[PDB]
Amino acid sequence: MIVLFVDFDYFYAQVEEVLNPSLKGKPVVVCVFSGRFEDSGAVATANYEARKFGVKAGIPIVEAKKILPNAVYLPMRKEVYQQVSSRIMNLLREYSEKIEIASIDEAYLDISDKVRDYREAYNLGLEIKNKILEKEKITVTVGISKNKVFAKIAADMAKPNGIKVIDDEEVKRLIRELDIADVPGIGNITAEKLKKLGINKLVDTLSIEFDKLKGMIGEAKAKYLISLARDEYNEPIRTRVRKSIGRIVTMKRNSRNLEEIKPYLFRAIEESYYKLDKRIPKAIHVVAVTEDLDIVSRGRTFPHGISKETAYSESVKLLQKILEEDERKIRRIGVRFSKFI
């Protein structure tokens, strides 16, 4: 099987460059302003110029400014980025029928049939990069390998603006020398649970009793790592199905007061409903981010679709359940809709 993975580089910041080309070469930082206080919030995405100095996604906006006070800071414009992304995906579509849109900036292409040899895939890659650079002025990195996981690792190794191929021989070297933490799906949490089992490389996963690895990180994650280490991972390329829609908003200040929280919750519902379009959910979940960044939620599934009126009423009940069962104050509040008809 030959999988070609496309990862748009520093996507949000790059789109801002395309929309304002005079930004090229300057450090650009796209942020999410929380409005709690001047520059309160986090970095969503930073381009290479800012990233090389430590300004990256996740750090506080105030922190970024101490490092690069002269960088260009812009508010995140998600729907603009989504529309540019949609145009890019439809373009990749013309190279494959078999396409898995993993996120706003990532897509896997099963080009097992339209090519053969890693020479022909590579060529299809350089071609794809040119097509996108030309039609949208967006540079992307391409990863090529025998399965989705290594195609992604390939991209991770080659970014930014690159193209890398991981043949069957380096897969085998990587299976022994690649830090397991760099394996897709292994975050800091899992990486630490693995470290305590001796596991630092994929190969190490085969020296452990399965039921032990399973007890430590779960059956699905255990089977996943094992199949990769055995050079047997082979999941098909398929775009997952949109299962839920919702929004969560950060309040100007933490609260525990119903009337103070409501306005934020209702705003979340309105935006959620606008995004659902013609979709009708049978389930609703009110989600709250506590003062200690802990996530709590209460939901309900109905035997029918949920009207906005029912959503407003049910959401208030769910929130009350939350405040009544948790003592912690609330920092962010929102809702999620699922089980579409």
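Under this definition, the rigid core comprises the largest set of C-alpha atoms superposing within 1.5 Å between the forms. Residue numbers here begin at 1 and follow the sequence given.
Put simply, when the other structures in 8 other deposited structures of this protein are lined up on the rigid core, the C-alpha atoms of 284-292 lie farther off than those of the other stretch, from 284-292 and 24-32. Fitting each structure in 8 other deposited structures of this protein onto the rigid core and averaging C-alpha distances over structures and residues, 219-227 emerges as the more displaced of 100-108 and 219-227. Here the stretch with the larger average CA B-factor, out of 75-83 and 94-102, is 94-102. When 127-135 is weighed against 112-120, 112-120 comes out higher, by mean CA B-factor as recorded in the entry.
Per the PDB record, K164 has a higher Cα B-factor than any other of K164, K221, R267, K148. For the set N257, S244, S227, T190, the PDB entry assigns the largest Cα B-factor to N257. Remark: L197 belongs to the highest third of its chain, ranked by C-alpha B-factor as recorded.
In this PDB entry, the Cα temperature factor of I59 sits in the middle third of its chain's modelled residues. In the deposited entry, the Cα temperature factor of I180 sits in the middle third of values across the chain's modelled residues.
Annotation for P69: C-alpha temperature factor in the middle third relative to the rest of the modelled chain, per the entry.
Per the deposited record, the Cα B-factor of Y273 falls in the middle third when ranked against the other modelled residues of its chain.
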